[PDB]
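Asks: with the input below, show me the fold.
(chains A and B)
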Amino acid sequence: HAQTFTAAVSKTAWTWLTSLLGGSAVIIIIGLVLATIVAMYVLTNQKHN
Amino acid sequence: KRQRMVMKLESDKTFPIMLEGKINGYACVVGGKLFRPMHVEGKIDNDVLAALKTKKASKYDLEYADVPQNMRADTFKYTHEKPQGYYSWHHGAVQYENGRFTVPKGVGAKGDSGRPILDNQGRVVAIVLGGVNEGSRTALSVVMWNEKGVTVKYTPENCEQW
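Replies: Residues are numbered from 1 along each chain as shown, chains lettered A, B, ... in the order given. Pasting the structure now:
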C-alpha cells in the first residue's frame, strides 16, 4: 500500500490535463513575447525619425 | 510678421480653454480634427466644438476628437518640411536647432499650452505643450511629425507643464 503520490496518473488523460494546465501558460508566454516584440517595433518606429 | 501670425490664428477657429472664467490653455483644429492637451482642464470656448467627444492619449498627455466636415472646411495646414532656422508663434519667434525648439527667457508660462508653431507659409510644424527654464532662453516641450507620419514628443529632462 505504498500509494506513491504520482501513481494515480492515466498517461493519456494526464497529458491532456498537462495541456490544460501549463498549456495556457505557454500560450500566455507566447502572447507576452509577441506583445513585447510589438512594443519594441513601435518604439523603433517612433525613434527612427 | 507677428501681426500676420496673430491674424491667421484668430481668423482660423481657435478657442481658449475656459474654466471658472480663467484661461488655462488653448486648443486648435489642425487637419480637420480638434486636439486638446490632456493636462489642461476645462471646456473649449465653443459650444459647437464642446459637443464633440474626445479620446485620451496618456502617453503624450493629449486628446483628440472628430470635427464635422463642414467645420473641417478651414483648419490648420500641417507640413513636414522642418528645416533649421527660426519660426513664428503667438509670443514671437522660436529658434529650431538640433531638433529642438527654444525661445528667449520670459516668453511662455503656465496657460500657454496648445499654441502651435507656424512656418513662413503659415503652416503648422509643432505644438507647444510645456517648457523648462534654460537660463537666457527657455526650451519648449513640443510634438512634431515626420513625413512618415510618426508622432515624436521631445521632452527636456524635468520639463515643467507650462
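Asks: do stretch B:59-77 and chain A meet at all?
Replies: No - under the criterion of Cβ under 8 Å from any Cβ of the partner chain, chain A is not reached by stretch B:59-77; the shortest gap measures 9.8 Å. The way it works is simple: take the backbone N, C-alpha and C, and place the C-beta from them, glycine included.
Asks: okay, now that stretch: how far is its last residue from its first?
Replies: Across its full length, stretch B:59-77 reaches 24 Å between end residues, using Cα to Cα, to the nearest Å.
Asks: in that stretch, what counts as buried?
Replies: By neighbour count, and taking 16 or more other Cβ atoms under 10 Å in any protein chain shown as the criterion, the buried residues in stretch B:59-77 are B:60-65, B:67, B:71, B:75-76.
Asks: quick check: residues of chain A near chain B?
Replies: A:45-49.
Asks: which residue packs closest to the residue of chain A found nearest chain B, ignoring adjacent ones?
Replies: When you check chain A against chain B by Cβ to the nearest Cβ, the closest residue turns out to be residue A:49, at 4.0 Å. Distances taken as Cβ to Cβ, 6 or more residues apart in numbering or on different chains put residue B:146 closest to residue A:49, at 4.0 Å, once the chain neighbours are dropped.
Asks: returning to what we had before: quick check: the residue of chain A closest to chain B touching residue B:153?
Replies: No - applying Cβ atoms under 8 Å as the test, residue A:49 and residue B:153 come out as separate, 11.6 Å apart.
Asks: all helices for the chain, in order.
Replies: Using chain A here. Using DSSP state H, the helices found in chain A span residues A:12-20, A:23-48.
Asks: that was the other one, I meant chain B.
Replies: Counting by DSSP H, the helices of chain B are B:2-11, B:47-50, B:69-72.
Asks: phi, psi for the closest residue to residue B:136 other than its chain neighbours please.
Replies: Leaving out its chain neighbours, the residue that sits closest to residue B:136 by Cβ to Cβ, 6+ apart is residue B:105, at 5.6 Å. Per-residue torsions, residue B:105: phi -60, psi 150 (degrees, to the nearest 10).
Asks: ok, now which ones touch residue B:105?
Replies: B:133-138 (Cβ atoms under 8 Å, 6 or more residues apart in numbering or on different chains).
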